[PDB]
Amino acid sequence: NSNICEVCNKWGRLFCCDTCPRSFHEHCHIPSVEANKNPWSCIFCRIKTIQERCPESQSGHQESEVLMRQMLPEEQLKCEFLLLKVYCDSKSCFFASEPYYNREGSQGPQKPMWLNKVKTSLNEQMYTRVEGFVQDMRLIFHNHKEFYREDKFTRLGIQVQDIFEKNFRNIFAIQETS
Ligand SMILES: [Zn+2]
Ligand SMILES: [Zn+2]
Ligand SMILES: [Zn+2]
């Protein structure tokens with residue numbers, strides 16, 4: 001197995017996957033690494049199994065159909081994985097914890113949102129459709145763009161949104177377009 005966490009790239013107290021060489025901090029994995037389970041298979045492995053059991057699941061889909069799906073176990077897992085792919089980027093640090101807003105010439109968002117809030121919401125099964133999760137995720141970046149205006153710091157929101165959107169299209173097999 002790897003000697004660093006797949007998500008944050010640090011050593012520490014690592015739980016190792018039994019079916020692939022990845023390792024994780026307990027709360028870096030999503031869901032948090034399960035108490036028992038021998039063998040244990042990481043989220044990457046679990047997602048790969050879904051694809052292998054249903055190869056046609058990789059054919060293209062329309063985003064509008066994906067968003068309306070109910071959060072059954074496989075869609076729950078896919079959203080967890082997509083959240084984890086965002087935390088994999090070090091720039092997610094800016095969006096992880098609860099923000100505050102006090103900048104001359106700007107007003108804070110009406111509905112603040114952050115990664116850890118989305119993480120809790122998934123853990124608590126608060127989303128009934130994929131659309132709930134995707135809307136909160138996109139809101140993170142939209143709030144940031146609006147608040148930071150013409151400051152160059154706005155670019156961090158564009159960057160992390162691009163990671164989110166690329167991974168959304170991959171994990172949910174969105175039909176490729178020009
Ligand atoms: Zn970690
Ligand atoms: Zn694995
Ligand atoms: Zn099938």
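In listed order, ligands and their atoms are each counted from 1. For this chain, numbers begin at 1 and follow the sequence in order. Heavy atoms only: backbone and side chains are in, while hydrogens, waters and symmetry mates are out.
For the pair SG of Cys17 and SG of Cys42, the angle at the Zn ion (ligand 2) is about 110°; rounding is to 10 degrees. Geometry at the Zn ion (ligand 2): SG/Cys45 and SG/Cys20 form an angle of 110°, nearest 10 degrees. With the Zn ion (ligand 1) as the vertex, atom ND1 of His25 and atom SG of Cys8 span an angle of 100° (nearest 10 degrees). Angle subtended at the Zn ion (ligand 3) by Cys54 SG and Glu56 OE2: 120°, rounded to 10 degrees.
A donor-acceptor pair shorter than 3.5 Å can be found between the side chains of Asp136 and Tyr127. For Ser41 and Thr19, the side-chain atoms include at least one donor-acceptor pair closer than 3.5 Å.
Here the side chains of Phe24 and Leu14 are not in contact, with every heavy-atom distance at 4.5 Å or above.
Look at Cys28 and the Zn ion (ligand 1): an N/O/S atom of the residue is under 2.8 Å from the metal.
Cation-pi check for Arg22 over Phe44 is met; the charged atom lies under 6.0 angstrom from the ring centroid and within 45 degrees of its normal. Judged by the 6.0 Å distance and 45° axis criteria, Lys119 is positioned over the aromatic ring of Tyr87.
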